[PDB]
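Taking it in order: structure first as structure tokens, then the write-up.
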């Protein structure tokens, strides 16, 4: 019976929904009086601490890319007056079209060749992020120094 | 046994559906004789008191915008004969495409650069709405004064007061407690 | 004159926004009354729909 | 390449129970600390079970 | 033919239970082995049942 008491108490303590992460509220689809189940989205919390860049290079540029190479990133909100430094994290194991939420169907006859793209992860330095914050979805022009291939 | 009695009584009382807010009705998708469950939407109530504006600025303009800066908003229904005053509440940490459920562009086609937009929350003065009310989705021309720049881009103050609270769906358990007492006295000999 | 226009930022992509609640029932059943229609002012604590109480009374 | 965006972590907030909302504590573009309440539910049925 | 593409195997990692995640041990572009834990859940309710 003590176990059942504990289960009921945890059920009651969970009527207050707690935030698991420090961040900022983005979308709010919850109103007083709404009927909620554990499958209904309520909010979103977007921290601003650890942010990286996702560059989509063509198939014809990732030939000489290695992990740890120097990188330089210039956003558009700020321009050429502010520059960010980073380094390669790792090349993804699939093309965007292949791993899209909707597959691409190449065996259809009405097929036109198109150069593919591969996501690449770039690690930004956090010290300069505090001075110049960045939001999710902004656009930047990247540049990888491939002079060293080891 | 009393706990089950109270649960059953609450189930019966909820056979009436009550309004949790004071507003106006829209999209009444409910007719007599329908079969309903808690996941079936019945209608909507749209409070007409606290409205804001969502201004979509390009990435080029987002810079130099801080919290609290003055704003001026003009609408189309009322033309230029009426102005509005407001303030920046804050900028969003996302561009809309962050949470999209579909690819931004087709996989088959090529990639074309598109300048992004970032929403901004602007809060209106409430003494002007009551005399010149608005409606959801109306177009408006926004202009933000960016002369003064303290450097407050992200809010960092938490508040102890809730924003939106409703307690119209809380049921007091007095009559159930009286009925239980009467039944106990009846069956006690 | 021109940099004054630079001291401001404009956008015509704005739209008024507000709150909306989808009224939903806490229980299942059948409908026997509907207390409001489109463009009706309803106050907090007002009844909007009513269900047949035949099935709940038996459990009670 | 100019096809590079800025990516980060975003978390959806989902309840572990089912209930009816009675309060909301963050509206939009508001700062939130870890451990703070964002939504509260009516505790009648859970209290009865307890 | 010019309409040729490389294909391989993929795994949709899923849980055998339900719960709430308290730890994640891998991000994108990370190397994983056959026994390495990837996600962790809260063991309270299961402990009660045990």
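Chains as they are written, first to last, in the entry's author numbering: chain W, 202 to 351; chain Z, 202 to 390; chain G, 42 to 101; chain R, 52 to 101; chain C, 52 to 101.
Where a beta carbon is used, it is the ideal one built from N, C-alpha and C, also for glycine.
Judging by CA-CA distance, which residue of the options is the nearest neighbour of residue i?
i, options, result
"residue 266 (chain W)", "W:203, W:313 and W:290", "W:290"
"residue 57 (chain R)", "W:306, W:249 and W:206", "W:249"
"residue 71 (chain R)", "G:61, G:67, G:50 and G:85", "G:67"
"residue 62 (chain C)", "W:263, W:241, W:294 and W:251", "W:294"
"residue 59 (chain R)", "C:79, C:59 and C:86", "C:79"
"residue 331 (chain Z)", "Z:268, Z:231, Z:236 and Z:252", "Z:252"
"residue 97 (chain R)", "W:217, W:319, W:303 and W:323", "W:217"
"residue 238 (chain Z)", "Z:384, Z:379, Z:215 and Z:270", "Z:215"
"residue 85 (chain R)", "R:54, R:95, R:99 and R:64", "R:64"
"residue 281 (chain W)", "W:341, W:302 and W:303", "W:341"
"residue 245 (chain Z)", "Z:383, Z:227, Z:254 and Z:329", "Z:227"
"residue 81 (chain R)", "Z:377, Z:357 and Z:384", "Z:357"
"residue 101 (chain R)", "W:204, W:335 and W:314", "W:204"
"residue 257 (chain Z)", "G:43, G:44 and G:55", "G:55"
Keeping to the same chain, check which residues put their C-beta closer than 8 angstroms to that of residue i; ignore five residues upstream and five downstream.
i, result
"residue 339 (chain W)", "276, 277 and 278"
"residue 213 (chain W)", "none"
"residue 367 (chain Z)", "221 and 222"
"residue 316 (chain W)", "259, 260 and 261"
"residue 263 (chain W)", "292, 319 and 321"
"residue 284 (chain Z)", "273, 274 and 275"
"residue 270 (chain Z)", "288, 289, 345, 346, 347 and 349"
"residue 46 (chain G)", "none"
"residue 308 (chain Z)", "none"
"residue 351 (chain W)", "267"
Residue i touches chain Z at which residues, Cβ-Cβ below 7 angstroms?
i, result
"residue 71 (chain R)", "370"
Residue i touches chain W at which residues, Cβ-Cβ below 7 angstroms?
i, result
"residue 91 (chain C)", "What residue 91 (chain C) touches in chain W: nothing, since even the nearest Cβ is about 14 angstroms away."
"residue 354 (chain Z)", "334"
Chain G partners of residue i, CB-CB under 8 angstroms?
i, result
"residue 235 (chain W)", "62, 63 and 65"
"residue 217 (chain Z)", "88, 90, 91 and 92"
"residue 350 (chain Z)", "The premise fails here: residue 350 (chain Z) is roughly 11 angstroms from chain G at the closest Cβ pair, so nothing lies under 8 angstroms."
"residue 397 (chain Z)", "Residue 397 (chain Z) is absent from the model: chain Z starts at 202 and stops at 390."
List the residues of chain R that residue i touches, going by C-beta distances under 7 angstroms, in chain order.
i, result
"residue 291 (chain Z)", "80"
"residue 367 (chain Z)", "73"
"residue 223 (chain W)", "83, 84 and 85"
Tell me the rounded alpha-carbon separation between residue i and residue j.
i, j, result
"residue 300 (chain Z)", "residue 292 (chain W)", "23 angstroms"
"residue 202 (chain Z)", "residue 374 (chain Z)", "16 angstroms"
"residue 323 (chain W)", "residue 225 (chain Z)", "50 angstroms"
"residue 243 (chain W)", "residue 211 (chain W)", "21 angstroms"
"residue 240 (chain Z)", "residue 343 (chain W)", "47 angstroms"
"residue 230 (chain W)", "residue 297 (chain Z)", "15 angstroms"
"residue 311 (chain Z)", "residue 53 (chain C)", "18 angstroms"
"residue 387 (chain Z)", "residue 236 (chain W)", "39 angstroms"
"residue 353 (chain Z)", "residue 333 (chain Z)", "32 angstroms"
"residue 380 (chain Z)", "residue 361 (chain Z)", "39 angstroms"
"residue 50 (chain G)", "residue 233 (chain Z)", "52 angstroms"
"residue 208 (chain W)", "residue 99 (chain C)", "8 angstroms"
"residue 302 (chain W)", "residue 303 (chain Z)", "7 angstroms"
"residue 305 (chain Z)", "residue 329 (chain W)", "29 angstroms"
"residue 384 (chain Z)", "residue 377 (chain Z)", "11 angstroms"
"residue 359 (chain Z)", "residue 254 (chain Z)", "22 angstroms"
"residue 69 (chain C)", "residue 69 (chain R)", "16 angstroms"
"residue 48 (chain G)", "residue 355 (chain Z)", "21 angstroms"
"residue 382 (chain Z)", "residue 365 (chain Z)", "37 angstroms"
"residue 389 (chain Z)", "residue 95 (chain R)", "28 angstroms"
"residue 87 (chain C)", "residue 314 (chain W)", "40 angstroms"
"residue 43 (chain G)", "residue 363 (chain Z)", "44 angstroms"
Excluding sequence positions up to five away, which residues of its chain have a Cβ less than 6 angstroms from the Cβ of residue i?
i, result
"residue 286 (chain W)", "326"
"residue 77 (chain R)", "83 and 89"
"residue 369 (chain Z)", "219 and 221"
Which residues of chain Z have a Cβ atom closer than 8 angstroms to the Cβ of residue i, listed in chain order?
i, result
"residue 338 (chain W)", "295, 296, 297, 298, 299, 317 and 319"
"residue 43 (chain G)", "Ordered by position in chain Z, no residue passes the 8 angstroms Cβ test against residue 43 (chain G), which lies about 15 angstroms from the chain."
"residue 278 (chain W)", "260, 261, 263 and 264"
Output needed for residue i: all residues of its chain with C-beta closer than 7 angstroms, excluding positions within five of it in sequence on either side, in chain order.
i, result
"residue 337 (chain W)", "247"
"residue 73 (chain R)", "91, 92 and 93"
"residue 268 (chain W)", "289 and 291"
"residue 75 (chain G)", "90"
"residue 372 (chain Z)", "211 and 214"
"residue 335 (chain W)", "252 and 276"
For a contact meaning CB atoms closer than 9 angstroms, what does residue i contact in chain G?
i, result
"residue 232 (chain W)", "60, 61, 62 and 63"
Can you list the residues of chain R that residue i reaches, using a CB-CB cut of under 8 angstroms?
i, result
"residue 229 (chain W)", "75, 77, 78 and 79"
Whose Cβ in chain R lies nearer than 9 angstroms to the Cβ of residue i?
i, result
"residue 341 (chain W)", "53, 55, 56 and 57"
Mind pulling the chain C residues with CB within less than 9 angstroms of residue i?
i, result
"residue 322 (chain W)", "78, 79 and 80"
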